[PDB]
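Here is the structure we will look at, set down as structure tokens.
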Amino acid sequence: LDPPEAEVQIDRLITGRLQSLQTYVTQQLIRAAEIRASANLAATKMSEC
Amino acid sequence: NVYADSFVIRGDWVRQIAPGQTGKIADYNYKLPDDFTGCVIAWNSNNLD
Amino acid sequence: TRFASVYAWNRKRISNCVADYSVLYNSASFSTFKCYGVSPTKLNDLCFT
């Protein structure tokens, strides 16, 4: 395709790929919070046990 | 600025004076960009020439 | 010499060959040359089944 048509098809891929990446990052932030809580508990046990 | 471009065409090329077009006029004689801002005004002048 | 009626259109299979489409595109004879999914000036860079 030439630019006036190619850009339309590309726009759809950008929207989909950007949404997929945003979903991934959001999930990693939530999962990271769970790991942080576990690490904090592990650190507490190291000090107290 | 305002620019007024002017030329003579045959009735069957009228459709080519537009952005996003291809053809003998759109590609070799008079081309408008896809990001075109302006107005295309045309009339039948067979009662003059 | 003869084209078929629209109710009984003919089909020619093109295979085992080199397809140069610039001869038709630049050929000045047509009223319509409209491509869908492909660009009329990029056809020579394509391969087909």
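Chains as they are written, first to last, in PDB author numbering: chain B, 984 to 1032; chain C, 394 to 442; chain A, 345 to 393. By construction, the Cβ of each residue, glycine as well, lies at the ideal position given by its N, Cα and C atoms.
Verify whether the separation of the beta carbon atoms of residue i and residue j is less than 8 Å.
{"i": "residue 425 of chain C", "j": "residue 435 of chain C", "result": "no"}
{"i": "residue 383 of chain A", "j": "residue 984 of chain B", "result": "yes"}
{"i": "residue 987 of chain B", "j": "residue 413 of chain C", "result": "yes"}
{"i": "residue 354 of chain A", "j": "residue 363 of chain A", "result": "no"}
{"i": "residue 388 of chain A", "j": "residue 371 of chain A", "result": "no"}
{"i": "residue 421 of chain C", "j": "residue 400 of chain C", "result": "no"}
Would you identify the three-state DSSP class for residue i, choosing helix, strand or coil?
{"i": "residue 969 of chain B", "result": "Outside the displayed span of chain B (984 to 1032) sits residue 969 of chain B, for which this structure offers no information."}
{"i": "residue 441 of chain C", "result": "coil"}
{"i": "residue 420 of chain C", "result": "helix"}
{"i": "residue 1001 of chain B", "result": "helix"}
{"i": "residue 434 of chain C", "result": "coil"}
{"i": "residue 370 of chain A", "result": "coil"}
{"i": "residue 1019 of chain B", "result": "helix"}
Quick one: using the 10 Å Cβ neighbour count with 16 as the cut-off for buried, is residue i buried or exposed?
{"i": "residue 418 of chain C", "result": "buried"}
Based on the DSSP secondary-structure assignment, which residues constitute the bridge partners of residue i?
{"i": "residue 996 of chain B", "result": "Residue 996 of chain B pairs with nothing; no bridge assigned."}
{"i": "residue 425 of chain C", "result": "C/412"}
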